[PDB]
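The chain below stands alone, shown as structure tokens; this is the form deposited in one PDB entry.
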């Protein structure tokens, strides 16, 4: 499958002479697997999945060392950004980074990512070629000039093509596994001879899922209400979709649930 790794990094400055808070979270196939947080008592990378509990302390120590590197890089960056944007002291600001790689089932790099944001907005980002930068901003042009002069891209490309790929591969051997949705449809009054039908999917992992409603064959993309997929809190996810239908016409409507843990898409209707 289209395996991925990401590192999501955040530094947040706060008023009153405090150092910036730095948090890095590592993800493999969208599951959080490591985390470092400067606010902790002993700042170090920690395992956040049990399949990481098999790495020796040299892994944690290496990664923790990189984190102290990033903290500092982020801290100086944050200060520069203040100046680039002509901003006052005693405010609160965020610098975020996303990094990582996409892999094929042949273990071959598909896409590499490296993107920064300031205050939650694109600042600069390495393009797909892994050679050139797209600056969002006036400020970011100055950063782009620095990184073109310096060859920074080469550094990030080598990381994305080498280390990122090799380590994603290792982390996966270390770990495929899914939980299928349990689906049901609930019935809810409205007035004016109308009824809400709500198709629920629960207990599913991974979080990617598609719910459709059919009126006797035809898909109701338009009249359908969704909610954003949400965590149940136990590792699994939840989603529902609903349509308003005429009273008595309920059996004409069919819910379909598509999920990669399923041998067939589920198909279901309101059952009184």
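Positions refer to the first chain, counted from 1. Under this definition, the rigid core comprises the largest set of C-alpha atoms superposing within 1.5 Å between the forms.
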| query | finding |
| --- | --- |
| Continuity check for residue 175 and residue 176, given as deposited residues lacking coordinates between them | 4 to 9 |
| Stretch exceeding the other in mean C-alpha B-factor - 36-44, 212-220 | 212-220 |
| Between the two ranges 185-193 and 70-78, the one averaging a larger CA B factor in the entry | 185-193 |
| Deposited CA B-factor, highest of 232, 28, 241, 244 | 244 |
| Within-chain third of residue 141 by Cα B-factor, per the entry | middle |
| Third of the chain, ranked by Cα B-factor, where residue 203 sits | lowest |
| Chain-relative CA temperature factor third for residue 120 | lowest |
| Chain-relative CA temperature factor third for residue 13 | middle |
| Modelled-residue ranking by C-alpha temperature factor, third containing residue 63 | lowest |
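Heads up, the form deposited in another entry isn't pictured, but that's what we're talking about next.
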property: Core-superposed comparison between the shown form and the other one: the option from 188, 145, 169, 131 whose CA moves 2 angstroms or more; result: 188
property: Exceeds or equals 2 Å, Cα of residue 228 between the shown form and the other one, core fit; result: no
property: C-alpha of residue 40 off by 2 Å or more between the shown form and the other one on rigid core; result: no
property: Core-aligned C-alpha movement of residue 52 between the shown form and the other one reaching 2 Å; result: no
